[PDB]
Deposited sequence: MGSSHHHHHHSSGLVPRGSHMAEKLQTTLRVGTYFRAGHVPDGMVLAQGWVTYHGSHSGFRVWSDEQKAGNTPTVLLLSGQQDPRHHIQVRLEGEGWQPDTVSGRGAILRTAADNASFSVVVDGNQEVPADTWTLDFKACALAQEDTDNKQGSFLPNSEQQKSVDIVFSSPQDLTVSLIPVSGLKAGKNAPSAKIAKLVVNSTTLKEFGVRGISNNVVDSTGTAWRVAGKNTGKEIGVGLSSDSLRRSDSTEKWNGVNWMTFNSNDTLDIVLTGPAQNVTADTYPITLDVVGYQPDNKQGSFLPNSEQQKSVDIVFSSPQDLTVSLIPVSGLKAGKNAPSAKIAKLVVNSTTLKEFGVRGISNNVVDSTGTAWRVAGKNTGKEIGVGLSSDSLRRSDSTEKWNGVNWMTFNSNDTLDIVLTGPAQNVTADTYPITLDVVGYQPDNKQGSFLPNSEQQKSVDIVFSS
């Protein structure tokens, strides 16, 4: 005696909030009743006014003040004047079709509207009905607001394990969940939660991905056109870190790029591509600087006859942590063993001058030590040394002379290799 109706009801997924044309199908449905009957009736509890019994006004979930108006259509369906609620079909065919459709050209905001409606059969001149709830979703690019923040002050060289390199924060008041994948020529896990990135200048690769604690905040893993996506509750934060063991990172800028899409869960989940956002930020791995080094050219040098030991440049090696540093000139022709005097060629003329530490600036050196088989004159840091025209008076052609130093920190009879090379130009002027 208990034989009951069978509805199928397929809703749309890709609805973009905004303007919708009247007649736009939102759902398609079929009812199937095999017993004795003379028609079908589908109706709602969300109905509008007793005289338009086909029309429905729907209040949104995110905020009940959002409104969409729909109507029960179908070929052969006419309004149920008898009840005042719903639409009726007349046929003894066991199977009939019907559509739900926006009524009136409207502007629909971004929300989800529950459309719970009811279906039953009519006997030959109540029996057993079916009830279904189902959500229409309208989505917009602004549904979830995303922010990807690069971490400040990373240093090159070997980094800490799982070093935090970005922060993804996703917020939303419309959508309940979101999925995220990296975008890279080289992803290394099925879910796109770990990939590799090339530095813009070097081309060297680092391995990045989601932190071990961000991965555990995922509600589920979904397929979307064959690709695995991890899903997360919106209004949460995921951390992008340096995956795997501790990396040795070349000093460079690395671009990480994320694919973020809204997800509407359902025990039948769907992704909302209208809500999708891709964002890219640059992560800077700067090189670590034990020795702050400032080399500054003297200003107002003029071509022609110059003074013996005339000051050309001033170098100041300031270190907050290390006391003694060594120094050498870099050139194709150094004139003494210690590397403290050498010769520099003009860019435009290519004629050279003799530059070097001033005699006064020498013998402020603590010692002279051996590193790499070459000798370095050590000094005390936070002292300032001056570069000068070495030896006799010099007649310098007006040109720009690139001076280049090589400084290393030393004290302890060893030299730590955060040596730096800095190079300024010196201008002579007719």
Would you mind checking the deposited sequence against the model and listing the stretches with no C-alpha coordinates?
1-20, 146-155, 298, 442-446
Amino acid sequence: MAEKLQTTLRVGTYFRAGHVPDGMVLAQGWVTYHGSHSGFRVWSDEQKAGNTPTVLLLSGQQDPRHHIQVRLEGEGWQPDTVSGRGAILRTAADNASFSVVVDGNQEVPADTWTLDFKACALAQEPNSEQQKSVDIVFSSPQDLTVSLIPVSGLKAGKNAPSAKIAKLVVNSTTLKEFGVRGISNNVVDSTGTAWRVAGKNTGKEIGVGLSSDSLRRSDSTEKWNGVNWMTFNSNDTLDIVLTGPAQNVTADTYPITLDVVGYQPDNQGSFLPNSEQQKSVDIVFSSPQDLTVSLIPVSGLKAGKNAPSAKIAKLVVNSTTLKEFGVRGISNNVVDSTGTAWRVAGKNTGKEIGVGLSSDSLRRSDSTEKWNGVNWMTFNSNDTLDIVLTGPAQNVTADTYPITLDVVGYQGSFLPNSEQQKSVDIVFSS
From here on, numbers count along this sequence of modelled residues.
Ranked by mean Cα B-factor in the entry, 226-234 and 108-116, top stretch is 108-116
Higher mean Cα B-factor in the deposited model: 239-247 or 257-265?
239-247
Between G207, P126, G346, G182, which one tops the list for C-alpha B-factor in the PDB entry?
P126
Name the one of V281, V100, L295, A96 with the greatest CA B-factor according to the PDB entry.
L295
When the deposited Cα B-factors of this chain's modelled residues are ordered and cut into thirds, is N186 in the lowest, the middle or the highest one?
lowest
Quick tally, chain-level thirds of C-alpha B-factors: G39 sits in the middle
Would you mind ranking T7 by its C-alpha B-factor against the rest of the chain and naming the third, lowest, middle or highest?
middle
Modelled-residue ranking by C-alpha temperature factor, third containing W30:
lowest
Should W77 be placed in the lowest, middle or highest third of its chain by the C-alpha B factor in the entry?
highest
